[PDB]
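Before any questions on how it binds or moves, here is one chain, the form deposited in one PDB entry, in structure tokens.
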């Protein structure tokens, strides 16, 4: 017969096991729950929802003196599997979850050794709340944490801790999320930079209650920005430069305003999409958002100035006067500064000829004035180009270089010199 049945009946039935009582000899004693986390897949991070969905294996380990047996009395049974609804397990809960899933949904068996060491390694899909810092999107790095607390007992009754490991006879705590190099699936969008784990204590509270301790697993991740750079920033930048290029069209083309307005509307569309892709927080304006606002304002200036140029180009001596001051400003000085290129029948006949000559001379003078106004308009729009396009290019370069010079700080916990890396335990 299977000796396992006899052993389990002896442990749980004959000895009157109570799964609602802490596993300690004495009431004042404490239970140490070792904890560790294994990340098997970083499913997603919805910035709109400010949620981090992660597929993890949450390891627990404690001692139950009531589940101890002598392996010799029974057959050499060195390990045993029991369902968690038969033994006492600690209900560690994820406090910062978005949905109502406070703890694992699949309750797998627990492994019990003859010395009482109980181990429990259930899988879980956790949806935790991660505030998003959109200051440098899409060159941003996020800092999401999973905060685990024990609410069924207070710090005087069970003590959370970090799982210890041995390499050369000395126990060193595991201050990191465990990533198996082969059972891990690298995420396409995010790459893990730091993954410390820390046991926090809050001295302003008391061990009376359940807000005195927790174990928090942090996860600092950087976004791979190639997708957004290729698909969102390059088209926007090129379309933006088209606006500055709109200064070079002659006023007789009949398409200056159309070009500038098309650029502005494209910028607005890109701004709306950027809005759609981010949370509605007010902590800061995203980098791409700042660039879009700046470029839209600049293109509005371009439109207004093209309008002024057009109004100048279509003036005639019939409505305006070309004063000497404007003439010398926009036809002598600025063009050089900006390097711009450069018998009765006989009497009737004679009177008619004189009148024709006078009319033609008047028409020529009118056309001369019209040409002068044309030149004034060209000077204005050349000055506008030289004043605006450099600002456009400098602003674009500055914005998209400042964002690219934004790296995670190479060490979590600014005031801490420890690396919290798997390769160099403390």
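Just so we're on the same page, rigid core means the largest C-alpha set that superposes within 1.5 Å between forms. Residue numbers count along the first chain shown, from 1.
Compare the other PDB entries of this protein and indicate whether residue 343 is left unmodelled in at least a third of them.
Across the compared entries, residue 343 is left out in at least a third.
Enter the number of deposited residues without atomic coordinates between residue 342 and residue 343, binned as none, 1 to 3, 4 to 9, or 10 or more.
A long stretch, 10 or more residues, is missing between them.
One more form of this protein, deposited in another entry, exists but is not displayed; see below.
Using a core superposition, identify the member of 234, 208, 323, 297 whose Cα displacement between this form and the one not shown reaches 2 Å or more.
It is 323; the other listed residues stay below 2 Å.
Note yes or no: does the Cα of residue 265 move by 2 Å or more between this form and the one not shown after the core is superposed?
Where the cores coincide, residue 265 shows only a C-alpha shift between this form and the one not shown that is less than 2 Å.
So, does residue 283 move by 2 Å or more at the CA between this form and the one not shown, with the core held fixed?
Moves: no, less than 2 Å.
Any chance the CA of residue 79 moves 2 angstroms or more between this form and the one not shown, core superposed?
Stays below the 2 Å threshold, so no.
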